Every structure is written in structure tokens, then in C-alpha cells.
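Before any questions on binding or motion, here is one chain by itself as C-alpha cells, the form solved without the ligand.
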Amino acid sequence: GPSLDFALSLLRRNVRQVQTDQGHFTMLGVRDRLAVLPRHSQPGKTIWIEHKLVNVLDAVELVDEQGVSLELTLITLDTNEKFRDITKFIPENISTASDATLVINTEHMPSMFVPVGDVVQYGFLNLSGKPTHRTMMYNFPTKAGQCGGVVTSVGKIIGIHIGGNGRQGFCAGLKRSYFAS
């Protein structure tokens, strides 16, 4: 229906496969030349995007007003290509959601929808030993190589995946303000 037809729309036009030195991830193109990666993909001065080498100009890693991790990294890629601006779909606030599907697209997991069902909010979350704020939780046994994958329910973009623990998965919650500048 609508909910996956929007996911497709997002698949074709905004979701790219990435490889950093840390592995496979799913990149979101937000607008123009701006993208988001999960902070632990750790993009350096360069990056693979569908196997072509892309140059990485800017790169910020987002934080709490308190200065905590949000495990998210805004990158500014180096092309005449323009990302179709999907910012209007990102909520004003980090919202929970009803029946979310997870759009993932890495070399290994192309065009993959994963039905995580409800996404609820969880907040502080100490995964690796690095803590993280403003995270949300779905009840789904999320696996490696999925990190960065997009969380969409009903035509909204509320999350980039980041952690898991074998039964649940956790996303980095988004709010529009992030992609202000």
C-alpha cells in the first residue's frame, strides 16, 4: 500500500549502499549532497557508495545539548548529483510509530524491507560501552550489517538503525532540526 510505496520511493531515490572501513551500512541521502550514517560506521576522508569512490567534504557527529552521543553522523558528499530532499517527511519531534518497516540497502542486503512492527521510544542506551541518547526500540532480532537502515512508518522518516541485542533492535531517532543548515 502507501506505506511501502513510500518506502520504494525512498529506496530508489535516497537509500544508497555504503562501505566504510568498519563494514557495510545503509546510507540515507537527505537532500542535495547531505547524507546520514550511524556514527560508528566512522566515515573518513573518503567512502564507497555503490562501489564508486566518493570524497567526503564535511562530517559532523551529532550530540545532546548535554553533549552525549546520538550515534549519527551527517556527511556532505562530493558530487553534482543532488539528493531529492526528503526532509519534509522527518518529524518535527522524535516520534514513536505504529507499524514500521525497515528499509535496508547494502551490497549484501539489497532492496530489503524488514517488518519490525511497532517502534517505541527507549532513550538512553548503553550498547558498546559508548552510551547514546534519543534512541528508540523495535521488537525484532536485528542482525549485523543493517546499521544505518531507514525506519519508515506511514510516510515518515523517524529513525536510522543502530544497535540490537538478538531479540530487539534499536534505532537512532530523527527530528527535522538535525538537517537544518
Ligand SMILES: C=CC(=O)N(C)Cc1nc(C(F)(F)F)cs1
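From 1 onward, residues are counted along the sequence shown.
There is also a form deposited with the ligand bound; it is not shown, and the following applies to it.
Classification of the binding site as blocked follows from the superposed pose of the ligand in the bound PDB entry: three or more of its atoms fall inside 2.4 Å of backbone or C-beta atoms here. Here the chain stands by itself, but in the bound PDB entry one stretch of 139-147, 29-37, 46-54, 152-160, 139-147, has heavy atoms within 4.5 Å of the ligand. Though the partner is left out of this view, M109 does reach within 4.5 Å of the ligand in the bound PDB entry, counting heavy atoms only. Within 4.5 Å of any heavy atom of the ligand in the bound PDB entry lies no heavy atom of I90. Contact between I75 and the ligand in the bound PDB entry is not found at the 4.5 Å heavy atom cutoff. The closest heavy atom approach of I104 to the ligand in the bound PDB entry falls within 4.5 Å.
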